[PDB]
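Read through the structure below, which is laid out as structure tokens, and then see the notes.
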Amino acid sequence: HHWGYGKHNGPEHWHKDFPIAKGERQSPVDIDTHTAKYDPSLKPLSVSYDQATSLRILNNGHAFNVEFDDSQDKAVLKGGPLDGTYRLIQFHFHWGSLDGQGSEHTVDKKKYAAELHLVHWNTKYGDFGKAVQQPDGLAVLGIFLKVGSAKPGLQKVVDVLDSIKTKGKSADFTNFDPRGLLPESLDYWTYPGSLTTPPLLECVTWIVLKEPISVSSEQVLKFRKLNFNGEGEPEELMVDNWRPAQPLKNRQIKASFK
Ligand SMILES: [Hg+2]
Ligand SMILES: [Zn+2]
């Protein structure tokens with residue numbers, strides 16, 4: 001029926017409706033640190049989020065997205081392995097039902113409690129929908145979350161969750177500053193890959209930061225209270241909305257550091 005993360009419509013079934021699931025550049029992947037190659041020609045990333053305009057938060061039935069105004073070069077990513085400017089359109093998380101799982105990418109097979117994806121689209125393409133028809137159409141910044149100390153900057157997101165508990169609900173969500181979600185270091189791994197949810201388009205340049213951010217147990221706990229279901233439908237908690245690691249195939253993971 002429609003895709004999800006359950007036993008009957010889970011990642012193992014996606015290929016039936018989206019054959020690209022068994023493609024050559026699928027994400028996420030396991031990051032083998034001993035095989036990733038340091039590339040000294042990679043430039044430092046340039047994250048310019050001071051003019052960011054958040055608009056809304058929405059429960060789309062698979063996760064919650066915070067959306068941004070992308071009509072101008074307000075919040076952009078450049079440098080790193082990228083050519084051109086990429087505009088932030090939305091961010092969302094993947095998390096688990098337990099602290100030992102929830103990330104999509106793994107590092108030497110290590111799974112984190114969650115993973116944040118900041119999705120950006122290549123401005124040369126004019127709009128999001130055009131960017132997803134190109135091999136260099138998107139850039140996703142991935143950040144691992146480990147449970148430890150609370151992250152002050154995440155608290156405003158945590159607090160609005162109650163209001164978008166069920167699928168289809170949205171809430172105004174202005175003046176949120178994504179800078180409060182970044183780790184101190186911008187060292188990263190990069191590889192060519194895809195979106196991790198259907199349509200699984202292979203248009204992404206992945207930029208996975210080495211340094212995880214800490215979140216508190218209570219922060220994570222509130223994510224686990226969301227619902228996959230719509231209002232008035234039987235309750236199915238929104239947990240484990242992550243795709244397992246895919247074969248690397250003919251791809252090389254590059255490191256911005258050694
Ligand atoms: Hg593409
Ligand atoms: Zn994602």
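By convention in this document, the chains of the structure tokens carry letters A, B, ... by their order, each chain's residues are numbered from 1, and ligands are numbered from 1 in the order they are shown.
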Residues at most 10 Å from ligand 1, using only C-alpha atoms and all ligand atoms? Could they come as a PyMOL selection string?
chain A and resi 130-138+193-195+200-204
Residues within 12 Å of ligand 2 (only C-alpha atoms and all ligand atoms), as a ChimeraX atom specification?
/A:27-28,62-65,90-95,102-105,114-120,139-144,194-198,200,204,206,208,241-243
Can you tell me, as a JSON list (two decimals) with N, CA, C and O atoms, in the first residue's frame, what residues are no more than 12 Å from residue 72 of chain A when counting only C-alpha atoms, ignoring any on the same chain fewer than 6 positions away?
[["chain", "number", "residue", "atom", "x", "y", "z"],
["A", 51, "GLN", "N", 21.00, 34.66, 7.67],
["A", 51, "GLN", "CA", 19.78, 35.25, 7.13],
["A", 51, "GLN", "C", 18.64, 34.28, 6.92],
["A", 51, "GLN", "O", 17.65, 34.56, 6.21],
["A", 52, "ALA", "N", 18.73, 33.14, 7.53],
["A", 52, "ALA", "CA", 17.76, 32.06, 7.45],
["A", 52, "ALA", "C", 16.34, 32.50, 7.88],
["A", 52, "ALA", "O", 16.19, 33.25, 8.85],
["A", 53, "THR", "N", 15.36, 32.06, 7.12],
["A", 53, "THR", "CA", 13.97, 32.34, 7.44],
["A", 53, "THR", "C", 13.19, 31.05, 7.53],
["A", 53, "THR", "O", 12.78, 30.59, 6.46],
["A", 85, "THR", "N", 26.12, 27.29, -5.54],
["A", 85, "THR", "CA", 25.39, 27.61, -4.31],
["A", 85, "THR", "C", 24.16, 26.74, -4.15],
["A", 85, "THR", "O", 23.41, 26.57, -5.09],
["A", 86, "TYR", "N", 24.01, 26.30, -2.94],
["A", 86, "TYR", "CA", 22.88, 25.45, -2.61],
["A", 86, "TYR", "C", 22.05, 26.12, -1.50],
["A", 86, "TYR", "O", 22.71, 26.45, -0.49],
["A", 87, "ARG", "N", 20.81, 26.28, -1.70],
["A", 87, "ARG", "CA", 19.83, 26.85, -0.78],
["A", 87, "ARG", "C", 19.14, 25.83, 0.13],
["A", 87, "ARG", "O", 18.53, 24.83, -0.32],
["A", 88, "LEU", "N", 19.13, 26.16, 1.42],
["A", 88, "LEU", "CA", 18.44, 25.32, 2.40],
["A", 88, "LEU", "C", 16.95, 25.38, 2.13],
["A", 88, "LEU", "O", 16.38, 26.50, 2.03],
["A", 89, "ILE", "N", 16.30, 24.26, 2.10],
["A", 89, "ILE", "CA", 14.86, 24.23, 1.90],
["A", 89, "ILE", "C", 14.18, 23.66, 3.14],
["A", 89, "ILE", "O", 13.08, 24.13, 3.54],
["A", 121, "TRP", "N", 19.18, 22.69, -2.27],
["A", 121, "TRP", "CA", 19.08, 22.43, -3.74],
["A", 121, "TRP", "C", 19.94, 23.42, -4.48],
["A", 121, "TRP", "O", 20.14, 24.58, -4.09],
["A", 123, "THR", "N", 21.09, 26.04, -6.90],
["A", 123, "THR", "CA", 20.43, 27.21, -7.45],
["A", 123, "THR", "C", 20.50, 27.26, -8.97],
["A", 123, "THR", "O", 19.61, 27.92, -9.55],
["A", 126, "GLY", "N", 17.19, 26.52, -10.62],
["A", 126, "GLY", "CA", 15.95, 27.33, -10.49],
["A", 126, "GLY", "C", 14.97, 26.93, -9.47],
["A", 126, "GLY", "O", 14.42, 27.89, -8.85],
["A", 127, "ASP", "N", 14.66, 25.65, -9.24],
["A", 127, "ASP", "CA", 13.66, 25.31, -8.20],
["A", 127, "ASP", "C", 14.02, 23.87, -7.78],
["A", 127, "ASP", "O", 14.80, 23.23, -8.52]]
What does the distance from atom CA of residue 209 of chain A to atom CA of residue 69 of chain A come to in Å, to one decimal?
24.2 Å
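Proximity ranking of A:186, A:160, A:171, A:76 relative to residue 207 of chain A places A:186 first, based on only C-alpha atoms.
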Taking the backbone alone, and naming residues the way the document does, which bits of segment 37-176 of chain A are alpha helix (DSSP H) by DSSP, as a ChimeraX atom specification?
/A:128-131,155-160
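Between residue 18 of chain A and the candidates A:228, A:216, A:199, A:96, the tightest atom-to-atom separation, counting only C-alpha atoms, involves A:199.
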Do you know which residues are at most 7 Å from residue 100 of chain A counting only C-alpha atoms, after dropping those on the same chain fewer than 4 positions away, and could you put them as a compact mmCIF listing (two decimals) with N, CA, C and O atoms, in the first residue's frame?
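Output saved as part30.txt:
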# COMPACT_ATOMS: atom_id res chain seq x y z
N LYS A 111 26.14 3.01 15.05
CA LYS A 111 24.83 3.66 14.84
C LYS A 111 24.65 4.76 15.93
O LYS A 111 24.93 4.47 17.11
N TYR A 112 24.18 5.92 15.55
CA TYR A 112 23.96 7.02 16.52
C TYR A 112 22.50 7.06 16.89
O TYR A 112 21.70 6.32 16.26
N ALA A 113 22.14 7.88 17.87
CA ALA A 113 20.70 7.90 18.32
C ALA A 113 19.81 8.53 17.29
O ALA A 113 18.59 8.26 17.21
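Running DSSP on the backbone and keeping only strand (DSSP E or B), the residues of segment 194-245 of chain A that qualify are residues 204, 205, 206, 207, 208, 209, 213, 214, 215, 227, 230 and 237 of chain A.
Atom to atom, atom CA of residue 6 of chain A and atom CA of residue 21 of chain A stand 16.8 Å apart.
Residues in contact with residue 246 of chain A at up to 8 Å, not including ones fewer than 2 positions away on its chain and judged by only C-alpha atoms, are residues 26, 27, 28, 29, 30, 244 and 248 of chain A.
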Tell me, as a JSON list (two decimals) with N, CA and C atoms, in the first residue's frame, which residues lie within 8 Å of residue 252 of chain A, counting only C-alpha atoms; anything in the same chain fewer than 6 positions away does not count.
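result24.json written:
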[["chain", "number", "residue", "atom", "x", "y", "z"],
["A", 36, "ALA", "N", 38.22, 5.40, 3.74],
["A", 36, "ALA", "CA", 37.88, 6.77, 3.22],
["A", 36, "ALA", "C", 39.22, 7.43, 2.90],
["A", 37, "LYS", "N", 39.30, 8.13, 1.81],
["A", 37, "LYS", "CA", 40.56, 8.76, 1.36],
["A", 37, "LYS", "C", 40.55, 10.27, 1.70],
["A", 191, "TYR", "N", 30.47, 11.81, -0.33],
["A", 191, "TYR", "CA", 30.23, 10.78, -1.35],
["A", 191, "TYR", "C", 28.98, 11.10, -2.11]]
